>>> print(open('model-v8.pdb').read())   # PDB, C-alpha atoms
ATOM      1  CA  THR A  30     -36.184  31.598  34.571  1.00  0.00           C
ATOM      2  CA  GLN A  31     -32.533  32.478  35.214  1.00  0.00           C
ATOM      3  CA  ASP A  32     -31.893  34.267  38.520  1.00  0.00           C
ATOM      4  CA  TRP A  33     -28.089  34.216  38.391  1.00  0.00           C
ATOM      5  CA  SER A  34     -25.181  36.656  38.712  1.00  0.00           C
ATOM      6  CA  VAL A  35     -24.047  39.293  36.224  1.00  0.00           C
ATOM      7  CA  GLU A  36     -20.901  37.328  35.317  1.00  0.00           C
ATOM      8  CA  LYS A  37     -22.721  34.126  34.354  1.00  0.00           C
ATOM      9  CA  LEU A  38     -25.678  35.828  32.663  1.00  0.00           C
ATOM     10  CA  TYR A  39     -23.272  37.623  30.321  1.00  0.00           C
ATOM     11  CA  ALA A  40     -21.185  34.505  29.670  1.00  0.00           C
ATOM     12  CA  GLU A  41     -24.443  32.673  28.929  1.00  0.00           C
ATOM     13  CA  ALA A  42     -25.718  35.192  26.377  1.00  0.00           C
ATOM     14  CA  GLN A  43     -22.207  35.351  24.909  1.00  0.00           C
ATOM     15  CA  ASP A  44     -22.427  31.582  24.320  1.00  0.00           C
ATOM     16  CA  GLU A  45     -25.739  31.704  22.439  1.00  0.00           C
ATOM     17  CA  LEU A  46     -23.972  34.269  20.235  1.00  0.00           C
ATOM     18  CA  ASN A  47     -21.281  31.879  18.979  1.00  0.00           C
ATOM     19  CA  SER A  48     -23.801  29.086  18.350  1.00  0.00           C
ATOM     20  CA  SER A  49     -25.738  31.681  16.286  1.00  0.00           C
ATOM     21  CA  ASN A  50     -28.930  31.703  18.381  1.00  0.00           C
ATOM     22  CA  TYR A  51     -29.168  35.444  17.839  1.00  0.00           C
ATOM     23  CA  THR A  52     -32.854  35.436  18.797  1.00  0.00           C
ATOM     24  CA  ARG A  53     -32.192  33.943  22.242  1.00  0.00           C
ATOM     25  CA  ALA A  54     -28.876  35.771  22.690  1.00  0.00           C
ATOM     26  CA  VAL A  55     -30.673  39.109  22.304  1.00  0.00           C
ATOM     27  CA  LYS A  56     -33.396  38.005  24.725  1.00  0.00           C
ATOM     28  CA  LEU A  57     -30.707  37.271  27.324  1.00  0.00           C
ATOM     29  CA  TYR A  58     -28.988  40.613  26.698  1.00  0.00           C
ATOM     30  CA  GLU A  59     -32.233  42.455  27.480  1.00  0.00           C
ATOM     31  CA  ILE A  60     -32.703  40.571  30.758  1.00  0.00           C
ATOM     32  CA  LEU A  61     -29.145  41.572  31.659  1.00  0.00           C
ATOM     33  CA  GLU A  62     -29.607  45.337  31.302  1.00  0.00           C
ATOM     34  CA  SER A  63     -33.037  45.215  32.959  1.00  0.00           C
ATOM     35  CA  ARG A  64     -31.706  43.220  35.927  1.00  0.00           C
ATOM     36  CA  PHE A  65     -28.299  44.980  36.122  1.00  0.00           C
ATOM     37  CA  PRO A  66     -28.771  48.355  34.408  1.00  0.00           C
ATOM     38  CA  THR A  67     -25.659  49.925  35.975  1.00  0.00           C
ATOM     39  CA  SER A  68     -23.255  47.030  35.329  1.00  0.00           C
ATOM     40  CA  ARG A  69     -20.454  47.407  32.805  1.00  0.00           C
ATOM     41  CA  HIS A  70     -21.707  44.198  31.189  1.00  0.00           C
ATOM     42  CA  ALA A  71     -24.953  46.043  30.444  1.00  0.00           C
ATOM     43  CA  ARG A  72     -23.097  48.731  28.488  1.00  0.00           C
ATOM     44  CA  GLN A  73     -21.099  46.026  26.706  1.00  0.00           C
ATOM     45  CA  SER A  74     -24.350  44.095  26.239  1.00  0.00           C
ATOM     46  CA  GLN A  75     -25.808  46.876  24.090  1.00  0.00           C
ATOM     47  CA  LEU A  76     -22.900  46.500  21.660  1.00  0.00           C
ATOM     48  CA  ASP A  77     -23.316  42.721  21.447  1.00  0.00           C
ATOM     49  CA  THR A  78     -27.008  43.304  20.698  1.00  0.00           C
ATOM     50  CA  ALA A  79     -26.259  45.349  17.577  1.00  0.00           C
ATOM     51  CA  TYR A  80     -23.706  42.749  16.477  1.00  0.00           C
ATOM     52  CA  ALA A  81     -26.446  40.118  16.743  1.00  0.00           C
ATOM     53  CA  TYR A  82     -28.800  42.128  14.521  1.00  0.00           C
ATOM     54  CA  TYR A  83     -26.056  42.631  11.926  1.00  0.00           C
ATOM     55  CA  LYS A  84     -25.527  38.861  11.803  1.00  0.00           C
ATOM     56  CA  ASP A  85     -29.246  38.687  10.981  1.00  0.00           C
ATOM     57  CA  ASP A  86     -30.977  40.444   8.086  1.00  0.00           C
ATOM     58  CA  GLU A  87     -32.245  43.193  10.442  1.00  0.00           C
ATOM     59  CA  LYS A  88     -29.674  45.876   9.676  1.00  0.00           C
ATOM     60  CA  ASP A  89     -32.020  48.756  10.534  1.00  0.00           C
ATOM     61  CA  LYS A  90     -32.329  47.455  14.100  1.00  0.00           C
ATOM     62  CA  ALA A  91     -28.527  47.425  14.372  1.00  0.00           C
ATOM     63  CA  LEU A  92     -28.187  51.067  13.302  1.00  0.00           C
ATOM     64  CA  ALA A  93     -30.738  52.060  15.945  1.00  0.00           C
ATOM     65  CA  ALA A  94     -28.869  50.126  18.642  1.00  0.00           C
ATOM     66  CA  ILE A  95     -25.595  51.812  17.668  1.00  0.00           C
ATOM     67  CA  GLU A  96     -26.968  55.364  17.745  1.00  0.00           C
ATOM     68  CA  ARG A  97     -28.641  54.757  21.110  1.00  0.00           C
ATOM     69  CA  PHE A  98     -25.357  53.346  22.419  1.00  0.00           C
ATOM     70  CA  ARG A  99     -23.397  56.335  21.125  1.00  0.00           C
ATOM     71  CA  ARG A 100     -25.603  58.938  22.825  1.00  0.00           C
ATOM     72  CA  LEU A 101     -25.981  57.019  26.099  1.00  0.00           C
ATOM     73  CA  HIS A 102     -22.307  56.037  26.528  1.00  0.00           C
ATOM     74  CA  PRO A 103     -20.327  58.514  24.397  1.00  0.00           C
ATOM     75  CA  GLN A 104     -17.126  57.859  26.395  1.00  0.00           C
ATOM     76  CA  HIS A 105     -17.266  54.060  26.334  1.00  0.00           C
ATOM     77  CA  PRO A 106     -13.889  52.292  25.935  1.00  0.00           C
ATOM     78  CA  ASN A 107     -15.258  50.201  23.041  1.00  0.00           C
ATOM     79  CA  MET A 108     -16.608  53.223  21.148  1.00  0.00           C
ATOM     80  CA  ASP A 109     -14.121  52.461  18.368  1.00  0.00           C
ATOM     81  CA  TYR A 110     -15.728  49.077  17.716  1.00  0.00           C
ATOM     82  CA  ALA A 111     -19.143  50.769  17.620  1.00  0.00           C
ATOM     83  CA  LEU A 112     -18.086  53.031  14.749  1.00  0.00           C
ATOM     84  CA  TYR A 113     -16.474  50.105  12.919  1.00  0.00           C
ATOM     85  CA  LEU A 114     -19.680  48.111  13.371  1.00  0.00           C
ATOM     86  CA  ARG A 115     -21.732  50.939  11.860  1.00  0.00           C
ATOM     87  CA  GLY A 116     -19.464  50.879   8.812  1.00  0.00           C
ATOM     88  CA  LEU A 117     -19.958  47.159   8.217  1.00  0.00           C
ATOM     89  CA  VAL A 118     -23.735  47.613   8.431  1.00  0.00           C
ATOM     90  CA  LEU A 119     -23.847  50.522   5.982  1.00  0.00           C
ATOM     91  CA  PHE A 120     -21.282  48.687   3.849  1.00  0.00           C
ATOM     92  CA  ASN A 121     -22.781  46.032   1.582  1.00  0.00           C
ATOM     93  CA  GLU A 122     -21.601  43.987  -1.392  1.00  0.00           C
ATOM     94  CA  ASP A 139     -24.207  52.892  -4.870  1.00  0.00           C
ATOM     95  CA  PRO A 140     -22.698  56.234  -3.796  1.00  0.00           C
ATOM     96  CA  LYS A 141     -25.242  56.716  -0.992  1.00  0.00           C
ATOM     97  CA  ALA A 142     -24.542  53.477   0.879  1.00  0.00           C
ATOM     98  CA  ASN A 143     -20.870  53.666  -0.121  1.00  0.00           C
ATOM     99  CA  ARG A 144     -20.338  57.262   1.014  1.00  0.00           C
ATOM    100  CA  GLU A 145     -22.161  56.787   4.321  1.00  0.00           C
ATOM    101  CA  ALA A 146     -19.851  53.823   4.932  1.00  0.00           C
ATOM    102  CA  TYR A 147     -16.756  55.885   4.119  1.00  0.00           C
ATOM    103  CA  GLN A 148     -17.893  58.592   6.536  1.00  0.00           C
ATOM    104  CA  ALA A 149     -18.341  55.903   9.194  1.00  0.00           C
ATOM    105  CA  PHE A 150     -14.830  54.470   8.857  1.00  0.00           C
ATOM    106  CA  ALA A 151     -13.473  58.005   8.407  1.00  0.00           C
ATOM    107  CA  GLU A 152     -14.820  59.157  11.780  1.00  0.00           C
ATOM    108  CA  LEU A 153     -13.228  56.065  13.364  1.00  0.00           C
ATOM    109  CA  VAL A 154      -9.722  56.459  11.913  1.00  0.00           C
ATOM    110  CA  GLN A 155      -9.376  60.077  13.088  1.00  0.00           C
ATOM    111  CA  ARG A 156     -11.012  59.572  16.511  1.00  0.00           C
ATOM    112  CA  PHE A 157      -9.233  56.315  17.460  1.00  0.00           C
ATOM    113  CA  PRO A 158      -6.216  55.931  15.159  1.00  0.00           C
ATOM    114  CA  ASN A 159      -4.750  53.320  17.533  1.00  0.00           C
ATOM    115  CA  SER A 160      -7.895  51.165  17.523  1.00  0.00           C
ATOM    116  CA  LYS A 161      -7.437  47.477  16.761  1.00  0.00           C
ATOM    117  CA  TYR A 162      -9.948  48.167  13.953  1.00  0.00           C
ATOM    118  CA  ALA A 163      -8.248  51.245  12.458  1.00  0.00           C
ATOM    119  CA  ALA A 164      -6.158  49.340   9.905  1.00  0.00           C
ATOM    120  CA  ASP A 165      -9.235  47.443   8.710  1.00  0.00           C
ATOM    121  CA  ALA A 166     -11.188  50.712   8.594  1.00  0.00           C
ATOM    122  CA  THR A 167      -8.466  52.309   6.467  1.00  0.00           C
ATOM    123  CA  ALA A 168      -8.364  49.270   4.177  1.00  0.00           C
ATOM    124  CA  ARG A 169     -12.108  49.612   3.576  1.00  0.00           C
ATOM    125  CA  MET A 170     -11.911  53.389   3.098  1.00  0.00           C
ATOM    126  CA  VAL A 171      -9.399  52.865   0.277  1.00  0.00           C
ATOM    127  CA  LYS A 172     -11.683  50.411  -1.519  1.00  0.00           C
ATOM    128  CA  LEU A 173     -14.630  52.802  -1.183  1.00  0.00           C
ATOM    129  CA  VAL A 174     -12.938  56.009  -2.360  1.00  0.00           C
ATOM    130  CA  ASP A 175     -11.677  54.056  -5.375  1.00  0.00           C
ATOM    131  CA  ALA A 176     -15.258  53.039  -6.175  1.00  0.00           C
ATOM    132  CA  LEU A 177     -16.584  56.573  -5.659  1.00  0.00           C
ATOM    133  CA  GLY A 178     -13.654  58.171  -7.477  1.00  0.00           C
ATOM    134  CA  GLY A 179     -14.117  55.803 -10.401  1.00  0.00           C
ATOM    135  CA  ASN A 180     -17.810  56.685 -10.513  1.00  0.00           C
ATOM    136  CA  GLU A 181     -17.366  60.470 -10.470  1.00  0.00           C
ATOM    137  CA  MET A 182     -14.580  60.018 -13.027  1.00  0.00           C
ATOM    138  CA  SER A 183     -16.969  58.070 -15.263  1.00  0.00           C
ATOM    139  CA  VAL A 184     -19.516  60.896 -15.146  1.00  0.00           C
ATOM    140  CA  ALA A 185     -16.746  63.417 -15.845  1.00  0.00           C
ATOM    141  CA  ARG A 186     -15.916  61.620 -19.093  1.00  0.00           C
ATOM    142  CA  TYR A 187     -19.624  61.391 -19.931  1.00  0.00           C
ATOM    143  CA  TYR A 188     -20.301  65.125 -19.718  1.00  0.00           C
ATOM    144  CA  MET A 189     -17.025  65.886 -21.504  1.00  0.00           C
ATOM    145  CA  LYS A 190     -18.124  63.881 -24.547  1.00  0.00           C
ATOM    146  CA  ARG A 191     -21.424  65.809 -24.572  1.00  0.00           C
ATOM    147  CA  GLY A 192     -19.855  69.279 -24.537  1.00  0.00           C
ATOM    148  CA  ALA A 193     -21.182  69.866 -21.002  1.00  0.00           C
ATOM    149  CA  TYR A 194     -17.902  71.264 -19.733  1.00  0.00           C
ATOM    150  CA  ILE A 195     -19.302  72.891 -16.576  1.00  0.00           C
ATOM    151  CA  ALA A 196     -21.055  69.697 -15.489  1.00  0.00           C
ATOM    152  CA  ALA A 197     -17.894  67.758 -16.330  1.00  0.00           C
ATOM    153  CA  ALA A 198     -15.646  70.108 -14.347  1.00  0.00           C
ATOM    154  CA  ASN A 199     -17.831  69.751 -11.246  1.00  0.00           C
ATOM    155  CA  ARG A 200     -17.096  66.015 -11.270  1.00  0.00           C
ATOM    156  CA  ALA A 201     -13.367  66.682 -11.687  1.00  0.00           C
ATOM    157  CA  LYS A 202     -13.254  69.209  -8.840  1.00  0.00           C
ATOM    158  CA  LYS A 203     -14.899  66.641  -6.558  1.00  0.00           C
ATOM    159  CA  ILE A 204     -12.183  64.059  -7.245  1.00  0.00           C
ATOM    160  CA  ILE A 205      -9.463  66.693  -6.839  1.00  0.00           C
ATOM    161  CA  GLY A 206     -11.092  68.025  -3.676  1.00  0.00           C
ATOM    162  CA  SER A 207     -12.404  64.909  -1.926  1.00  0.00           C
ATOM    163  CA  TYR A 208     -10.436  61.918  -3.268  1.00  0.00           C
ATOM    164  CA  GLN A 209      -6.978  63.496  -3.372  1.00  0.00           C
ATOM    165  CA  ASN A 210      -5.185  60.167  -2.839  1.00  0.00           C
ATOM    166  CA  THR A 211      -6.852  58.104  -5.575  1.00  0.00           C
ATOM    167  CA  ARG A 212      -5.243  57.415  -8.949  1.00  0.00           C
ATOM    168  CA  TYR A 213      -7.971  59.373 -10.789  1.00  0.00           C
ATOM    169  CA  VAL A 214      -6.481  62.721  -9.716  1.00  0.00           C
ATOM    170  CA  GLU A 215      -4.060  62.966 -12.647  1.00  0.00           C
ATOM    171  CA  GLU A 216      -6.701  62.552 -15.355  1.00  0.00           C
ATOM    172  CA  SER A 217      -9.088  64.804 -13.409  1.00  0.00           C
ATOM    173  CA  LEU A 218      -6.617  67.682 -13.707  1.00  0.00           C
ATOM    174  CA  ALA A 219      -6.193  67.243 -17.468  1.00  0.00           C
ATOM    175  CA  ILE A 220      -9.988  67.199 -17.771  1.00  0.00           C
ATOM    176  CA  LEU A 221     -10.332  70.267 -15.552  1.00  0.00           C
ATOM    177  CA  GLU A 222      -7.649  72.061 -17.578  1.00  0.00           C
ATOM    178  CA  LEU A 223      -9.321  71.339 -20.921  1.00  0.00           C
ATOM    179  CA  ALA A 224     -12.697  72.198 -19.385  1.00  0.00           C
ATOM    180  CA  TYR A 225     -11.472  75.632 -18.292  1.00  0.00           C
ATOM    181  CA  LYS A 226     -10.163  76.276 -21.815  1.00  0.00           C
ATOM    182  CA  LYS A 227     -13.467  75.505 -23.547  1.00  0.00           C
ATOM    183  CA  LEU A 228     -15.512  77.852 -21.339  1.00  0.00           C
ATOM    184  CA  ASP A 229     -12.780  80.544 -21.368  1.00  0.00           C
ATOM    185  CA  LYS A 230     -11.528  80.702 -17.786  1.00  0.00           C
ATOM    186  CA  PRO A 231      -7.867  80.983 -18.802  1.00  0.00           C
ATOM    187  CA  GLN A 232      -6.452  81.884 -15.380  1.00  0.00           C
ATOM    188  CA  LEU A 233      -8.019  78.794 -13.802  1.00  0.00           C
ATOM    189  CA  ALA A 234      -6.745  76.710 -16.728  1.00  0.00           C
ATOM    190  CA  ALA A 235      -3.154  77.872 -16.239  1.00  0.00           C
ATOM    191  CA  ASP A 236      -3.440  77.334 -12.479  1.00  0.00           C
ATOM    192  CA  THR A 237      -4.655  73.779 -13.108  1.00  0.00           C
ATOM    193  CA  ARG A 238      -1.759  72.918 -15.424  1.00  0.00           C
ATOM    194  CA  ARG A 239       0.525  74.424 -12.776  1.00  0.00           C
ATOM    195  CA  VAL A 240      -0.821  71.805 -10.357  1.00  0.00           C
ATOM    196  CA  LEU A 241      -0.461  69.009 -12.918  1.00  0.00           C
ATOM    197  CA  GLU A 242       3.088  70.170 -13.668  1.00  0.00           C
ATOM    198  CA  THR A 243       4.268  69.947 -10.053  1.00  0.00           C
ATOM    199  CA  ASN A 244       2.351  66.920  -8.740  1.00  0.00           C
ATOM    200  CA  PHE A 245       2.990  64.787 -11.861  1.00  0.00           C
ATOM    201  CA  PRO A 246       6.262  65.934 -13.466  1.00  0.00           C
ATOM    202  CA  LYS A 247       6.251  63.391 -16.320  1.00  0.00           C
ATOM    203  CA  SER A 248       2.550  63.149 -17.121  1.00  0.00           C
ATOM    204  CA  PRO A 249       1.336  62.309 -20.653  1.00  0.00           C
ATOM    205  CA  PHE A 250      -1.235  65.100 -20.283  1.00  0.00           C
ATOM    206  CA  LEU A 251       1.541  67.717 -20.338  1.00  0.00           C
ATOM    207  CA  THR A 252       2.528  66.875 -23.926  1.00  0.00           C
ATOM    208  CA  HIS A 253      -0.941  65.698 -25.018  1.00  0.00           C
ATOM    209  CA  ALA A 254      -4.420  66.974 -24.237  1.00  0.00           C
ATOM    210  CA  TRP A 255      -7.363  64.954 -22.943  1.00  0.00           C
ATOM    211  CA  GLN A 256      -8.243  61.816 -24.917  1.00  0.00           C
ATOM    212  CA  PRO A 257     -12.010  61.236 -25.319  1.00  0.00           C
TER     213      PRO A 257
END
>>> encode(input="model-v8.pdb", output="structure tokens")
Amino acid sequence: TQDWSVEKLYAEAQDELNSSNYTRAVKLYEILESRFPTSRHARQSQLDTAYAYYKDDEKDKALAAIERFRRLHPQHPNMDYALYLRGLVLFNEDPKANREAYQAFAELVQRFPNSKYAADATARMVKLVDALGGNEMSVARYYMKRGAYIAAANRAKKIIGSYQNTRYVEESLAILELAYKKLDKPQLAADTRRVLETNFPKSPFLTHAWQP
């Protein structure tokens, strides 16, 4: 029983959140939006609900709360924190979970570049693209050693095309160049070296070829 105002009911649920009573904090957040469905605290309450699930092991419930929040209140002032919260949930310490996280932070940085979470989103994007780039690069070397030059090139094009800012770009060009030579696409090979020549003037791969 708690027939109070909207201001206190929110401040009460917000207190159970700090003390980590996520089970009771969520129960109070539901009373709030049932008893004051049109209040701004109800819209904010839906965010706090997802945050509570994330702090528990129920990450699937958090992703549902976020998507419902995004379709109901697409123009909410705290939409930026919603996207950032989705990234943390998808983020965990493989390409699937890692790429879905990158796409989450990516949508946030280009929709709300001035968000108080943008810098942290960017910082996490960098760590993820480095992990993905290093993975695709590892497969590129694998298929190179096995004479699978087409399969290898596909990995190199991905790095060149999708992870243009990572450090793996240089070696991906040298791989792509050598790859185009083996399968006799000489125009694409020359074009690739033309890119390596301009973007990396003093690259070891200009004087040497790829080093398996």
>>> resolve_selection(input="model-v8.pdb", expression="the PyMOL selection byres ((chain A and resi 33-41) around 12)", output="VMD selection string")
chain A and resid 30 to 32 42 to 48 50 53 to 75 77 to 78
>>> resolve_selection(input="model-v8.pdb", expression="the PyMOL selection byres ((chain A and resi 173-178) around 12)", output="PyMOL selection string")
chain A and resi 116+119-122+139-151+166-172+179-185+200-217
>>> atom_distance(input="model-v8.pdb", atom1="CA of residue 194 (chain A)", atom2="CA of residue 224 (chain A)")
5.3 Å
>>> resolve_selection(input="model-v8.pdb", expression="the PyMOL selection byres ((chain A and resi 255) around 10)", output="number ranges by chain")
A: 186, 189, 216-224, 249-251, 253-254, 256-257
>>> write_last_selection(input="model-v8.pdb", atoms="C-alpha atoms", output="PDB file, in the coordinates of the input")
ATOM      1  CA  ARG A 186     -15.916  61.620 -19.093  1.00  0.00           C
ATOM      2  CA  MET A 189     -17.025  65.886 -21.504  1.00  0.00           C
ATOM      3  CA  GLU A 216      -6.701  62.552 -15.355  1.00  0.00           C
ATOM      4  CA  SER A 217      -9.088  64.804 -13.409  1.00  0.00           C
ATOM      5  CA  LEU A 218      -6.617  67.682 -13.707  1.00  0.00           C
ATOM      6  CA  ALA A 219      -6.193  67.243 -17.468  1.00  0.00           C
ATOM      7  CA  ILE A 220      -9.988  67.199 -17.771  1.00  0.00           C
ATOM      8  CA  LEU A 221     -10.332  70.267 -15.552  1.00  0.00           C
ATOM      9  CA  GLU A 222      -7.649  72.061 -17.578  1.00  0.00           C
ATOM     10  CA  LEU A 223      -9.321  71.339 -20.921  1.00  0.00           C
ATOM     11  CA  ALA A 224     -12.697  72.198 -19.385  1.00  0.00           C
ATOM     12  CA  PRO A 249       1.336  62.309 -20.653  1.00  0.00           C
ATOM     13  CA  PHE A 250      -1.235  65.100 -20.283  1.00  0.00           C
ATOM     14  CA  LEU A 251       1.541  67.717 -20.338  1.00  0.00           C
ATOM     15  CA  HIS A 253      -0.941  65.698 -25.018  1.00  0.00           C
ATOM     16  CA  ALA A 254      -4.420  66.974 -24.237  1.00  0.00           C
ATOM     17  CA  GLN A 256      -8.243  61.816 -24.917  1.00  0.00           C
ATOM     18  CA  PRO A 257     -12.010  61.236 -25.319  1.00  0.00           C
TER      19      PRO A 257
END
>>> atom_distance(input="model-v8.pdb", atom1="CA of residue 158 (chain A)", atom2="CA of residue 82 (chain A)")
26.5 Å
>>> axis_aligned_box(input="model-v8.pdb", around="region 242-246 of chain A", padding_each_side="4 Å", output="lines of an AutoDock Vina configuration file")
center_x = 4.3
center_y = 67.5
center_z = -11.2
size_x = 11.9
size_y = 13.4
size_z = 12.9
>>> atom_distance(input="model-v8.pdb", atom1="CA of residue 52 (chain A)", atom2="CA of residue 90 (chain A)")
12.9 Å
>>> closest_residue(input="model-v8.pdb", among="A:110, A:188, A:80, A:51", to="residue 157 (chain A)", atoms="all atoms listed in the file")
A:110
>>> closest_residue(input="model-v8.pdb", among="A:161, A:84, A:227, A:191", to="residue 107 (chain A)", atoms="only C-alpha atoms")
A:161
>>> decode(input="model-v8.pdb", residues="region 89-102 of chain A", atoms="N, CA and C atoms", output="short mmCIF file (atom, residue, chain, number, x, y, z; two decimals), in the first residue's frame")
data_model
loop_
_atom_site.label_atom_id
_atom_site.label_comp_id
_atom_site.auth_asym_id
_atom_site.auth_seq_id
_atom_site.Cartn_x
_atom_site.Cartn_y
_atom_site.Cartn_z
N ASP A 89 17.86 -10.21 -21.33
CA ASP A 89 16.84 -10.27 -22.37
C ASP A 89 15.65 -9.39 -22.01
N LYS A 90 15.31 -9.32 -20.72
CA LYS A 90 14.23 -8.44 -20.29
C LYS A 90 14.59 -6.97 -20.50
N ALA A 91 15.87 -6.62 -20.38
CA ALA A 91 16.29 -5.24 -20.60
C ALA A 91 16.15 -4.85 -22.06
N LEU A 92 16.55 -5.74 -22.98
CA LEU A 92 16.45 -5.43 -24.40
C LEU A 92 15.00 -5.24 -24.82
N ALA A 93 14.08 -6.01 -24.23
CA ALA A 93 12.66 -5.82 -24.52
C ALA A 93 12.18 -4.47 -24.02
N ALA A 94 12.57 -4.09 -22.79
CA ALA A 94 12.17 -2.81 -22.24
C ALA A 94 12.67 -1.65 -23.10
N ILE A 95 13.89 -1.78 -23.64
CA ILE A 95 14.46 -0.70 -24.43
C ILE A 95 13.70 -0.54 -25.74
N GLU A 96 13.44 -1.65 -26.44
CA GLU A 96 12.74 -1.56 -27.72
C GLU A 96 11.33 -1.01 -27.53
N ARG A 97 10.62 -1.47 -26.50
CA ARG A 97 9.30 -0.90 -26.21
C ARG A 97 9.40 0.59 -25.95
N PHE A 98 10.41 1.01 -25.17
CA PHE A 98 10.59 2.43 -24.90
C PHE A 98 10.87 3.21 -26.17
N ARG A 99 11.64 2.62 -27.09
CA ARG A 99 12.04 3.37 -28.29
C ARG A 99 10.87 3.57 -29.24
N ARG A 100 9.95 2.61 -29.32
CA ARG A 100 8.80 2.77 -30.21
C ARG A 100 7.71 3.62 -29.57
N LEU A 101 7.54 3.54 -28.25
CA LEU A 101 6.52 4.34 -27.58
C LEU A 101 6.91 5.81 -27.54
N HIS A 102 8.14 6.10 -27.13
CA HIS A 102 8.61 7.47 -26.92
C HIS A 102 9.84 7.72 -27.79
#
